[PDB]
Amino acid sequence: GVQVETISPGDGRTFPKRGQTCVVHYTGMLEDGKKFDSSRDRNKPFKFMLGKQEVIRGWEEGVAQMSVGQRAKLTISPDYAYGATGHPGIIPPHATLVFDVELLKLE
Ligand SMILES: CO[C@H]1C[C@@H]2CC[C@@H](C)[C@@](O)(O2)C(=O)C(=O)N2CCCC[C@H]2C(=O)O[C@H]([C@H](C)C[C@@H]2CC[C@@H](O)[C@H](OC)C2)C[C@@H](O)[C@H](C)/C=C(\C)[C@@H](O)[C@@H](OC)C(=O)[C@H](C)C[C@H](C)/C=C/C=C/C=C/1C
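What counts as what
- Residues numbered from 1 in each chain as written, not as in the entry; some residues may be left out.
- Part of a larger assembly, values for the part shown.
- Heavy atoms only, no water.
- Helix = DSSP H or I, 4+ residues; strand = E, 2+ residues; numbered from the N terminus.
- Areas by Shrake-Rupley, 256 points an atom, 1.4 Å probe, with all protein chains shown as cover.
- UniProt positions renumbered as here; feature names shortened; annotations may be inferred.
- Near = heavy atom within 4 Å.
- Polar contact = N/O pair within 3.5 Å; in protein donor to acceptor, adjacent residues only side chain to side chain.
- Buried < 20%, exposed > 50% of the residue type's maximum accessible area, 1.4 Å probe, protein only.
- Pairing = 2+ DSSP bridges.
- Core = buried A, V, L, I, M, F, W, Y, C linked by side-chain atoms within 4.5 Å.

Enquirer: Break down the overall build of the chain for me, with residues and values.
Expert: When its secondary structure is counted, the chain shows 2 helices and 6 strands. Across the chain, helices and strands are ordered from the amino to the carboxyl terminus as β-β-β-α-β-α-β-β. Expressed along its principal axes, the backbone C-alpha trace of the chain runs to roughly 35 × 25 × 25 Å. With the model as given, the accessible surface of the chain reaches about 6200 Å², and the carbon-plus-sulfur share is 48%.

Spelled out as structure tokens, the structure:
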């Protein structure tokens, strides 16, 4: 599945409803700690709509339980991320992923 561990707390009240676009700052890395993607390094947040299957299952279930302002470590199982196929040339097969994600605001 997905494990959410809070790094920095949010308001504990404003959770993302379906329909809203979540605007977040993320850093994706493999189980060893090597980064593969980071919106922070680009200085440009990532916007996406929740509950439309836009993102991997770990995000769909993990980001849904975060509050606005919260920063969390999302440890995601390979069947909740890319799985056996992976994402060729970035994420290999059967890869546990770790996302440091911050829910900045909703639009
Ligand atoms: C320029 O950067 C890449 C992202 C890279 C690509 C490589 C990745 C390793 C990683 O580096 O992001 C990564 O960090 C990651 O793992 N992310 C990203 C952050 C959200 C969580 C997760 C992550 O789930 O991303 C997702 C899966 C890759 C594919 C999807 C997993 C669920 C599955 O149902 C989808 O089947 C169609 C495939 C990519 C998403 O971001 C983008 C926004 C969504 C899609 C490509 C599809 O939905 C697509 O459908 C037809 C759409 O509707 C979009 C809105 C259409 C539009 C024309 C194309 C947008 C493409 C944007 C590409 C971006 C932003």
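Enquirer: Describe in detail the UniProt feature "domain: PPIase FKBP-type" in the chain, supporting the description with residues and values.
Expert: Within this numbering scheme, the UniProt entry marks residues 19-107 as carrying the feature "domain: PPIase FKBP-type". Annotated as residues 19-107, this span is 11% helix and 38% strand, and its ends, taken at the C-alpha atoms, are 9 Å apart.

Enquirer: Could you give an account of the site of the ligand, naming the residues involved and the relevant values?
Expert: In the vicinity of the ligand, the residues found are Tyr 26, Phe 36, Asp 37, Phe 46, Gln 53, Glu 54, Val 55, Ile 56, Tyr 82 and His 87. Take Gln 53: an N or O atom from its main chain is 3.0 Å from an oxygen atom of the ligand. Between the ligand and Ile 56 there is a distance of 2.8 Å, counted from an oxygen atom to a backbone nitrogen or oxygen. In the complex, the protein chains occlude 44% of the 1000 Å² of accessible area that the ligand would expose alone.

Enquirer: Before we move on, can you summarise the pairing of strand β5 (residues 71-76) with the specific residues and values?
Expert: Within a regular strand, the side chains alternate between the two sheet faces. Of the two faces of β5, only the one carrying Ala 72, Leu 74 and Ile 76 is buried; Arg 71, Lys 73 and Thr 75 on the other face are not. Bridge count for β5 against strand β6 (residues 97-106) is 6 bridges, and the pairing is antiparallel. Of the residues in β6, the one forming a bridge with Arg 71 is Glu 102.

Enquirer: Describe the nonpolar core, and please don't skip the residues or the numbers.
Expert: Ranked by internal contacts, the top residues of the largest apolar core, which has 23 residues, are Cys 22, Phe 48, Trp 59, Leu 74, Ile 76, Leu 97 and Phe 99. Only β2 (21-30), β5 and β6 provide two or more residues apiece to this core.

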